[PDB]
Amino acid sequence: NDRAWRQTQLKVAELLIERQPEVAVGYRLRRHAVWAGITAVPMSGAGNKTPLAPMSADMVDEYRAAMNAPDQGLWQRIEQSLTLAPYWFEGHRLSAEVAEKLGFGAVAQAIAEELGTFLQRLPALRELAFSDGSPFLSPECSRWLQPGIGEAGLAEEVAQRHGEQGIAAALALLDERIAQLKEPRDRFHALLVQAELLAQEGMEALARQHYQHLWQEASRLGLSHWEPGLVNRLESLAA
Amino acid sequence: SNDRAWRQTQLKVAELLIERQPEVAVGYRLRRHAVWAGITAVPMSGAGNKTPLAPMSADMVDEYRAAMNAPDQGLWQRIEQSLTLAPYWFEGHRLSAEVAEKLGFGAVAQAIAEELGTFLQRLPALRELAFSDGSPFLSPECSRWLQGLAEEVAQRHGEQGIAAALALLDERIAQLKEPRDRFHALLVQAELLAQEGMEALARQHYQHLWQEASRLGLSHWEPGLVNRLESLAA
Amino acid sequence: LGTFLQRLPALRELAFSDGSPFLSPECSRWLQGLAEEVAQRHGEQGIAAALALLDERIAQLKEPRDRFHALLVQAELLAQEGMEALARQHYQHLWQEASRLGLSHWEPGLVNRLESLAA
């Protein structure tokens, strides 16, 4: 009766979450319960597609709707579903986004550590798709998962002002700083902030585009033979 | 000093062409040429684009704003005669069009607008300047009066705030395969950052844009764009 | 264990009845500005210690930009000591690895000083 034991895990996870919903372990115990019996991916064929239809758009949209005014109640129905919709990897991205907005960084964190785990157990999943052809793992769902001294001296000096006033002022500051810089290295750092800043406001395409021009502008300057760590991240970012 | 009489001449005839027919454009249109043709290049800006020119006495303007609900032909004449002595006071040219739009002179307002639009397109440097007391040449509600990407985006920048625009710019890039498209998209991002008031951040974006064009060899292919980009980085 | 320690910062500092710490400095490792540091080590032990310390630092410094300061350290050290000759020598083989790596197009202060602080 793996079935019954699996109940029990969930039961304990329900309760753990109920008692402490800012604390990972319950979330973790559930993922397990849900992805226990799974030993090898579902039978696929034409275009990697699987005989399993995706999450009811209606349903997904409705969830994406609530996001602006999210509560501890939303988060529960999301989760209820990804307990019944094993492979819905996009919902594990929501759960993480929701949780992060409700104030639970650590749980978001965990939701993902545990997913990345599942994908290393059976990576065939990173390629599979639902009978409608849509991917088990989107590209925005996969960038999610993949992981200076004076650089952070401003970046942290700014992401602070990005919290007191909004993005508008964040940039406003970034500007007034740059006007008083001589060294290109610094000015390149600034522009680098601008990108990171847009990343946190939800500008995945506009941010990435700055990384592209920052990686090449660096590689062009031959920083692979001096300060290659900078260049190596820049490369990872621009994906 | 002889083109003094020539300008006055152009005005008298304007005065007349309107007296005889207040519902017909040309009169008003000539009045413009009397005032803006002598203007060949913009005035010397200083501390925050303040040009050493005084503005329209706010009291004298309040008065015109007062009268706006109950508008007569005598009001309209004083707006216009004022906007004859304060060449760059573009708010007057909105007030004239509003006066004219209520008084049923629908194609005159249109004209009053097209003619400004013309002048601004000629010396676009004016859009950003302002008077000694920092009151804008092209004012807030006046640029709204005269309004595919920088088209659609700076449209969204005025309606919603800046973030909504940046938000859109983002979802446009999402589909812009060819580097030309992308290059423009980042070019907009820059314009928009100057339109929000961070000059040096846009300058820094323009510097890397021209140096990127120059290196792609666009000077022998879209030299217009590369020579615009060049000055914007001064 | 990292979290449990992060939930209560005090548990680290504590010790049992017998004064034996809850968390050893051995266990804390299981979980967890050079000229500033070492230019004072020169006032204490002699110049010979200032170099012995500089050695253990460069043991791990995978970024050559760090190292260039680490050799810029070895330069500063000898310069202040009185050895003005072996000094300028070191500031030449540094100034030229700059013009080589293209540092007039990046961090060009470093350069402009390095030249008049060598010729």
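Just so it is clear, none of the values below were taken in a lab; they were calculated from the coordinates. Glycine gets a Cβ as well: all are built from the backbone with ideal geometry, and neighbour counts include every protein chain shown.
Below, the figures for the structure above:
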read-out: Pairs where the first residue, in the range A:60-80, is more than 17 Å from A:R30 (Cα to Cα) and the second is among the β-branched types (V, I, T) and surrounded by 12 or more Cβ atoms within 10 Å (Cβ to Cβ), C-beta under 8 Å, 6+ apart; value: A:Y63/A:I78; A:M67/A:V98; A:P70/A:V98; A:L74/A:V98
read-out: Of all residues in the range B:150-180 being within 19 Å of A:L214 (Cβ to Cβ) and more than 7 Å from every other protein chain (Cβ to nearest Cβ), the one that is surrounded by the fewest Cβ atoms within 10 Å (Cβ to Cβ); value: B:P179
read-out: Residue tally, condition farther than 30 Å from B:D181 by Cα and small (G, A, S), over the range B:117-155; value: 5
read-out: Near pairs, Cβ below 8 angstrom, 6+ apart or cross-chain, from the range B:196-218 (at the interface with chain A (Cβ under 7 Å from one of its Cβ atoms)) to any residue that is of a type in the set (S, T, N, Q); value: B:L201/A:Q194
read-out: Some residue of the range B:118-140 being under 15 Å from the mean Cα position of the chain (by Cα), buried (at least 18 other Cβ atoms within 10 Å of the Cβ), among the basic types (K, R) and within 18 Å of B:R31 (Cβ to Cβ); value: no
read-out: Single unsatisfied condition, C:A118 versus (1) under 30 Å from A:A218 (Cβ atoms); (2) assigned to a helix (DSSP H, G or I); (3) more than 14 Å from chain A (Cβ to nearest Cβ); (4) not polar (S, T, N, Q); value: (2)
read-out: Within the range B:1-52, considering residues that are in a loop (DSSP other than H, G, I, E, B) and of a type in the set (V, I, T), the one surrounded by the fewest Cβ atoms within 10 Å (Cβ to Cβ); value: B:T40
read-out: Hey, C:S99 within 18 Å of A:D186 (Cα to Cα), over 21 Å from the mean Cα position of the chain (by Cα), loosely packed, with under 15 Cβ neighbours inside 10 Å and within 13 Å of chain A (Cβ to nearest Cβ) or not; value: no
read-out: Members of the range A:79-95 that are of a type in the set (A, V, I, L, M) and buried (at least 21 other Cβ atoms within 10 Å of the Cβ); value: A:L82, A:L94
read-out: Some residue of the range A:181-189 being hydrophobic (A, V, I, L, M, F, W, C) and more than 14 Å from chain B (Cβ to nearest Cβ); value: no
read-out: Residue within the range C:34-47 that is touching a helix residue (DSSP H, G or I) at 6+ places or on another chain (Cβ under 7 Å) and either within 23 Å of C:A98 (Cα to Cα) or of a type in the set (F, W, Y) (or both) present; value: yes
read-out: Condition met for C:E13 (among the acidic types (D, E) and under 28 Å from C:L103 (Cα atoms)); value: no
read-out: Candidate set: the range A:219-229, residues that are under 24 Å from B:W210 (Cβ atoms) and more than 9 Å from chain B (Cβ to nearest Cβ); chosen: the one surrounded by the fewest Cβ atoms within 10 Å (Cβ to Cβ); value: A:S219
read-out: Tally, over the range B:163-199, of residues that are out of contact with any helix residue (DSSP H, G or I) (no Cβ under 7 Å at 6 or more places or on another chain) and among the small types (G, A, S); value: 2
